[PDB]
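Here's the structure we're looking at; comments come further down.
Labels for the chains are A, B, C, D, E and F, by order of writing; each one numbers its residues from 1.
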Amino acid sequence: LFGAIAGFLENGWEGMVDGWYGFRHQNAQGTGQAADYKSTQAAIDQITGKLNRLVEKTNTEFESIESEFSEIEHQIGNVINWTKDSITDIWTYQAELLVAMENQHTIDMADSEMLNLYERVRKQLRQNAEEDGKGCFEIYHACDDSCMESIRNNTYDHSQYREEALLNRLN
Amino acid sequence: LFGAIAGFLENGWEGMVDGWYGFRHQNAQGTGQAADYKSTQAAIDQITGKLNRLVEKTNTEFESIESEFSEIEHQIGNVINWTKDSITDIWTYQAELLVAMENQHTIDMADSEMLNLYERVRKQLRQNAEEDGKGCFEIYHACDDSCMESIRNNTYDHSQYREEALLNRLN
Amino acid sequence: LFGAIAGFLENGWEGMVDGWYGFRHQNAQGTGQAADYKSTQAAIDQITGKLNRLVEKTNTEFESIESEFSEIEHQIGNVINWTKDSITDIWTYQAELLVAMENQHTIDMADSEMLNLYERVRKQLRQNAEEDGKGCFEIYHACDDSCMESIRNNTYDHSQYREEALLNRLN
Amino acid sequence: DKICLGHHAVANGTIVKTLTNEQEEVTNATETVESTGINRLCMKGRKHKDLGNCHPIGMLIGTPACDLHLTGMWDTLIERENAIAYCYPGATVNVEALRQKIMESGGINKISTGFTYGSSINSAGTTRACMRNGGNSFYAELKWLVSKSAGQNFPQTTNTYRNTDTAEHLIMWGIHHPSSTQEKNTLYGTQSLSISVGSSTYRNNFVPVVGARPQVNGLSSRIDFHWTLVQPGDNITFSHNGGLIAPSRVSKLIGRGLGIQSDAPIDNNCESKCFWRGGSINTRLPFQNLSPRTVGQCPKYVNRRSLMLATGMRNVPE
Amino acid sequence: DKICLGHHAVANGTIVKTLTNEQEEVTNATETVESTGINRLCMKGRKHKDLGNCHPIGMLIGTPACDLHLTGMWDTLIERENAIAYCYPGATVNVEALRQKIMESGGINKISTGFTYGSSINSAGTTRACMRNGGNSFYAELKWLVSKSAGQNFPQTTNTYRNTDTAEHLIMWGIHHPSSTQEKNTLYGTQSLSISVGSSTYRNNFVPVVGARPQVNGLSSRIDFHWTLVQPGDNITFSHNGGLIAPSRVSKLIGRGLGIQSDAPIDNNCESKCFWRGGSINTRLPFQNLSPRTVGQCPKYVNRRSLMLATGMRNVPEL
Amino acid sequence: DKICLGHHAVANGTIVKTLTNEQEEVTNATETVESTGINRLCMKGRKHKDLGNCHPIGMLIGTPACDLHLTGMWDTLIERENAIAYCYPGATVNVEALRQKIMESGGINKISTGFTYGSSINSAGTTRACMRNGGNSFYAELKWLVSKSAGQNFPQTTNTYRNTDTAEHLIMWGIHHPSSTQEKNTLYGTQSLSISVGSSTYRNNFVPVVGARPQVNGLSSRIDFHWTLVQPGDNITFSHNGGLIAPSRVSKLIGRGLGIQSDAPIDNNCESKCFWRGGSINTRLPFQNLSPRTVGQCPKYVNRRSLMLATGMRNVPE
């Protein structure tokens, strides 16, 4: 577990129908929201991958060894029953394990793509910002809606605001 | 693997017993050791989930296809042996796999929960402390026992010590 | 997924042929490159551990149940055919799962060792350096080929450069 | 000023199982166990034969119900529950092995034995048990030999079929078991009856036995069928005293096909590769819980009603 | 002034295998493979029948050893290692199919055939090979028909059993293979012997084979047994003139039960759902290494003595 | 002034599959599915017998082709295609079970039955069909009993074999099915032929099935074989009249060996534990796609050319 999605982030955003992960900002000119496309597509692509593998199976032709409409000699029938049931136990077990292990990875993968976004934005902000425990960055300079976009756009230039930001952090 | 257990944490505390994960601190009044219940439960609960899935028993009823006390016709005897042996190889390999795969996940989930506690404290301490590298936080102010509990309780407000601690970090 | 390989590391280094992970440095005297032995061995060991399980051969002896050179009775033949194809679908499925899962984990494990090399260096440098988000640390004092070595070597004493570094970070 | 990171959620999550959690709630999920099938045998793209009430054995010996299925080609052979093999009551030795051989075949050709019998033999025995065109008939591919002069000893007779073909032939015969002494005598005489059959890969002796037994389709006597494979170039000889139910044609199973036993009506406008008693399964899911008995290329049967694969993150609502 | 993080550890940790490490030390671990079974047959909760020295086949024909096992109801039938089927030497055609059918049943009722024989037939033949009260007797469910007058031709006889019930019935008969021409002639006459057996679904016929054979219980004769299921509303007719060991009752197999082959002693104080030759197995574990051959609802057998499942974190003790 | 972290990469990586990604490039991978076998039967460290053109059934009855293979010890037995079991036309009842027993054994001894015959029996019957060293001969382990004087009734004969050893013995006999009643009367007389075979746990009767008419139809002379195990301390009796092909030796299967059907040349410098029709498989990989039919200690067969296991990180070239 990568400590974010059901961790230091309080909860999800039912309001974000735009994607899997995103940003909510507050500045002088109010509040706003945008989903981050790269990350959500990183997770989604991985899901569709698991799904492709799930339905890949190209299959062996089997014929009947059990008459539907006539009786089968008892001993051979009992061997067939024991086999078919053994095979079915194996598949039931593999299906259960496939799903459970896959579901573990899927959840944790999604937790990961979220931590990765977070960390990108953290490094991007450098010394111009600090974290609260809950997944936000308290930015120590006035950030323009144009500036907010540059954080999501991944084009934000930290040196530009550093002087201003640093004074505010220490005073 | 996450960075901590058998990682940047040199070793574990045989002396700790009221939990899997815990805090040790040193201040003016002396030393102290307190297990973290929240993180210890996060791990244990996940373990009990594995054990639960382990004993979840699917109940296929099998009958005998191999007489214990009389002769089995030779050709059918060989099919039965071959089938039973092929099934046992499958279950044996599946048993080996299950345990190896599960053990890998358990150990790393354990590592994970440690890193999460460490991360939770770090974000908590904010700019009033600095990381040891060995898993400790040098707090750059005076923190009495109630201040320690406040760190463990997740009730520590950093802004209260910030200006004092910041001055110590800078000089 | 950890954030590094194919993450905030833009790409791998083809010119680094003496380890899986390493260091490229820049100081006034020039450019340098070295591999980190401990991290790359942590990875190779785990790979070889996996390979060891692969070739694990405590194996069951099987005998023929169908004749290469003469005819089998039709009905027991069809049973045998159904059983053998069933067993083979299971092994074919297990083989695919094994390497799909194994590969997933290998990719991610390698990624974490990269991150742990990164996290180690970060905590070493402490307040004397800052992250550029592409895997590099910008160091706020002259760093000697010898000083770089102390970083790769894990003997960098940050306090030795703290004063100088802290005022270079601010001015 | 501040910026915040987050993930989406929904009001109504889906429970899925993990390695650690029975009850884990995620955003979306999808089924991996197929539970619905098609109520038709989807035979589009297949050269298929629906046998109706004709049982595969009945094709080889020519029971009236199989008159439309005495020869053909198919890649798929459909057997039905009401299937008739025997008009005249009796049984076949190694019947299920033979049924399975027919049901994996890709067709059947019929080849005349060419058997001729002298004037002492009536080869046109018929019975009310085998009606054909409103009249007494008999297995189309077989001949019921009896004494032409009633009560006279059926003559010592030798018949030989030669496989001059390049593939094996399946040949069938019957052995009449009369239901009384009077009837045995009328049909074959008072002499001791003996029928022996032989080829390079087969030898056997049969003796008609008189026995009281229940009436089936009005009749207390039986006809037991036997069969063997006659390899190319080889010859098989019947040596008989009376009681032989002689082949007038033999069979040739050709190629391969998929045998299906089903209840379901044919749909020649849909395609499938997976069949069962109830019809067809067309799915991309790797598991199914419809039926432990399928043929063709199927997902695998599992003892589970549902297995959900998460297709989204943990769902944590507001 | 500092606060530190750390995990617990233990002096004695246990090794498990992982994907990358066959020698990985951890705090707690726990077994997944059951290695200890109960060397008793746990029958608490089961209405069981312990056949003792009575073989399942002998229940249907009524060999003396099975006289307390000629009828009954059970969900668990226990068969023992040297159980007796045949007091008189001989064997059953398709025996294992039949034994399996009985070991799958949940009980047996018996139904008289009502067979009667004319005056010139002695139907109370007995042998020293099948004893009751230390005296000559015979299979309880069968009759050894011989000519009442020695050396005389055994009459042509018809016997018909009619299944008037709504379930199928299991009928068994014997064919006597004499030890010499002399004996054969004495019992059945010099005529040729022919037994035919006919129902709607079954037809077969049998000829007693005279021949020198090793003495089993001082007897070179054999009685071989034969059987068939008779459907509701159907009849099976025996036409015969010497050599038939005729059924006096037939059997009805009822419902379902689990068949166990084992010499382990019964124990009514513990229950189980999984059994093998050496007893029972009771365990929550999914795998076991006791026996590859089990009946009931069992952990899967595996070729491993031990598989430890890590139930704790990595063990990193103090230097 | 700066220190950078990074990882290696290669000019040419390898595509592997993951849970979330087919076509995932990594720095290195290794194959898990062995597709390469060696076309030889590696017998180093194996005490083996290559039977050449001798069929395992031929060992028990002494067909000329198996003269060098009537006894032996081995841990490995190798059968070749088209091996000869019979020199005279006929076949073995229940043959495939017997052949598996022999191919499950670790050797064979022979024990004389000690059978002797009265003066009116010729026990040295031979045939042109079983040539040995240029002369009419017969199966080495059997005797063809006929009437010393042609046309006369073969006497009622009894022969008993007693196992006095502590292990079960495998006894084989033959039954002659004459080509015609004329040949049958010459060899054995006009009486009715009967062959009974009885032990404590086995009884059977056989009646020669007399052929007919031309020698070149399907009912001509054959000798068919039968077998059974004789437990220690038990006797088996043959009561017969003409038509028994009696054993002069019985066999004793010993220990376990591994049976191989292959036409791969034997290689003795070479050691293996896994074999198939086309040779051996020596590999450490847990899977192979060589063949679904292997015996010995084998990697599991799978229907995949290649399953690559990653041995390095993601390859991320500049």
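The working rule: a residue touches a chain if its C-beta (ideal position, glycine included) is under 8 Å from a C-beta of that chain, and two chains touch if they have at least 3 such contacts.
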(message) In terms of touching chains, how many steps apart are chain C and chain E, taking the shortest path?
(response) 1
(message) Test of understanding: which option in A-D, B-D or C-F shares over half of the contact pairs of A-F, residue numbers taken as the match?
(response) B-D
(message) D-E versus B-D: which interface comes out with more C-beta contact pairs?
(response) D-E
(request) Calculate how many whole Å lie between the centre of chain B and the centre of chain F, each centre taken as the average of the chain's C-alpha atoms. (result) 58
(request) Could you please state the distance in Å, as a whole number, between where the Cα atoms of chain A are centred and where those of chain E are centred? (result) 58
(message) Nearest whole angstrom, what separates the Cα centre of chain A from the Cα centre of chain B?
(response) 21
(message) Between chain E and chain F, what distance separates the C-alpha centroids? Give it in angstrom.
(response) 33
(request) Specify, in ascending order, the residues of chain B that touch 2 or more different other chains. (result) 47, 50, 53, 58, 60, 62-63, 73, 75-76, 78-79, 83, 87-91, 94, 96, 98, 100-102, 104-105, 109, 132, 170
(message) If a residue has to touch 2 or more other chains to count, which residues of chain E qualify?
(response) 17-20, 96, 100, 300, 303
(request) Quick one: label the inter-chain contact graph as line, ring, star, complete or other. (result) complete
(request) Determine which chains touch and list them pairwise. (result) A-B, A-C, A-D, A-E, A-F, B-C, B-D, B-E, B-F, C-D, C-E, C-F, D-E, D-F, E-F
(request) Could you pull out which chain A residues touch chain D in their complex? (result) 4-6, 9-14, 16-28, 35, 43, 47, 50-51, 54-55, 57, 59-64, 66-70, 72-73, 84, 88-89, 91-92, 95-96, 98-104, 106-107, 110-111, 114, 117-118, 121, 129, 135-143, 148, 151
(message) Quick check: in the complex, which residue numbers of chain B touch chain D?
(response) 45-47, 49-50, 52-53, 58, 60, 102, 105, 109
(message) Considering only the defined contacts, which chain C positions touch chain D in the complex?
(response) 73-75, 78, 89
(request) Note which residues of chain A are touching chain C in the complex, please. (result) 53, 57, 59-60, 62-63, 65, 76, 79-80, 83, 87, 90-91, 94, 98, 101, 105, 109, 112-113, 115-116, 119-120, 123-124, 126-127, 166
(request) Under the touch definition given earlier, write down the residues of chain F that touch chain E in their complex. (result) 158, 196, 198-201, 203, 205, 234-237, 239
